[PDB]
Trainee: 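Provided herewith is a single structure, encoded as structure tokens, for subsequent inquiry.
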Amino acid sequence: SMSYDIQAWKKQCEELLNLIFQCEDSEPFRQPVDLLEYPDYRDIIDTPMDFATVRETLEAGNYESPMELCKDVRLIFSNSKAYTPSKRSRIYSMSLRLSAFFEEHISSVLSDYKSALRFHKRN
Ligand SMILES: COc1cccc(OC)c1CNC(C)=O
């Protein structure tokens, strides 16, 4: 049980996504971009990603580790910077704040998971 629990990341990521869903800054990133309505999005973005897809992928058990989840969430933010490159866009600003919040909170989820990993690999 809980010391170096290698499953704990799952619940912690579910909680973090819940917080993200609550932030007004996530509003543009909650659902896939409507690709039949916003035409050039796919001209610019190779692999769309959004927080509802991340939440569903976690709920389905299809993330092997919190590093996989982290990769998808990072893709949301890199996509925004590619599609909305301008520092004066308020949407650029939203993405930037929300990314900082995510990176702050995911930090301990990753180090705890890796700690656990190195513990059980050692013993
Ligand atoms: C097609 O992209 C659009 C279209 C309208 C508004 C808008 O910003 C709310 C965006 C940018 N959305 C993302 C997720 O990059």
Side-chain angles (χ1 to χ4, degrees), residues 2-10 12-23 25-34 37-117 119-120 123:
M2 293 104 73
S3 285
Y4 298 141
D5 177 5
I6 47 57
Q7 298 300 296
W9 70 271
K10 285 173 182 162
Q12 292 159 6
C13 287
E14 205 181 327
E15 295 169 345
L16 180 49
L17 291 172
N18 173 291
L19 296 178
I20 284 158
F21 266 95
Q22 299 180 34
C23 299
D25 285 338
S26 65
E27 189 288 322
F29 311 107
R30 292 174 197 160
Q31 295 290 331
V33 170
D34 188 307
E37 194 72 22
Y38 296 110
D40 72 343
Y41 191 78
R42 294 307 300 268
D43 299 343
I44 305 302
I45 297 307
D46 257 33
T47 308
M49 192 43 68
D50 63 281
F51 282 108
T53 305
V54 169
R55 183 171 62 182
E56 143 206 303
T57 299
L58 177 68
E59 172 62 45
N62 291 336
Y63 286 130
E64 297 175 53
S65 71
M67 296 88 70
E68 290 199 348
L69 180 143
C70 189
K71 182 164 272 283
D72 281 352
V73 171
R74 286 176 177 159
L75 178 56
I76 294 169
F77 295 123
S78 57
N79 288 352
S80 180
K81 295 277 163 276
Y83 194 74
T84 309
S86 179
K87 277 174 153 46
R88 60 245 238 202
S89 167
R90 73 189 66 194
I91 306 312
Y92 177 107
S93 294
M94 288 170 87
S95 179
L96 193 66
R97 295 195 289 271
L98 190 63
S99 188
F101 176 94
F102 172 70
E103 295 286 344
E104 167 63 21
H105 285 83
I106 202 69
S107 178
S108 79
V109 174
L110 294 175
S111 49
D112 292 353
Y113 178 83
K114 269 145 185 167
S115 283
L117 217 57
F119 177 83
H120 298 294
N123 293 294

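Computed over heavy atoms, backbone and side chain alike; hydrogens, waters and symmetry mates excluded. Sequential numbering from 1 along the given sequence is applied to the chain's residues.
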Trainee: Please list, chain by chain and in numerical order, all residues satisfying side-chain contact (heavy atoms from CB on, under 4.5 Å) with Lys81, sequence neighbours excluded.
Mentor: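 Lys81 satisfies side-chain contact (heavy atoms from CB on, under 4.5 Å) with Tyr92, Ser95, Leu96 only.
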Trainee: Using a 6.0 Å cut-off, check whether atom CD of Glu68 has over 12 heavy atoms from anything other than its own residue.
Mentor: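 Enclosed.
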Trainee: Are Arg74 and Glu103 close enough that some pair of their side-chain heavy atoms sits under 4.5 Å apart?
Mentor: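 In short, these two side chains touch, coming nearer than 4.5 Å.
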Trainee: Is a side-chain donor-acceptor pair under 3.5 Å present for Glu14 with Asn18?
Mentor: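 Result is no, nothing qualifies.
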Trainee: Quick one: does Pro48's side chain get under 4.5 Å of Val33's, heavy atoms only?
Mentor: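 No, side chains not in contact.
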Trainee: Restricting to side-chain contact (heavy atoms from CB on, under 4.5 Å), what partner residues turn up for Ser78, sequence neighbours left out?
Mentor: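 Here the qualifying residues are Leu75.
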Trainee: May I ask you to decide if the ring planes of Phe102 and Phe77 are parallel, tilted or perpendicular, using 30° and 60° as cut-offs?
Mentor: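 Tilted.
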Trainee: Report yes if the side chains of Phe119 and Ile6 come closer than 4.5 Å at any heavy-atom pair, otherwise no.
Mentor: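 In short, these two side chains do not touch, never coming nearer than 4.5 Å.
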Trainee: What I'd like to find out is whether the side chain of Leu16 reaches to under 4.5 Å of the side chain of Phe101, using heavy atoms alone.
Mentor: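 SC-SC contact between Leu16 and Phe101 confirmed.
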Trainee: Got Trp9 and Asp112 here, is their nearest side-chain heavy-atom distance under 4.5 Å?
Mentor: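 No, their side chains stay 4.5 Å or more apart.
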Trainee: Identify, with sequence neighbours excluded, every residue that meets side-chain contact (heavy atoms from CB on, under 4.5 Å) alongside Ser93.
Mentor: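 side-chain contact (heavy atoms from CB on, under 4.5 Å) check on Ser93 returns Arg97.
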Trainee: Just wondering, do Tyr4 and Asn123 contact through their side chains at under 4.5 Å, heavy atoms?
Mentor: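 No, too far: nothing below the 4.5 Å cut-off.
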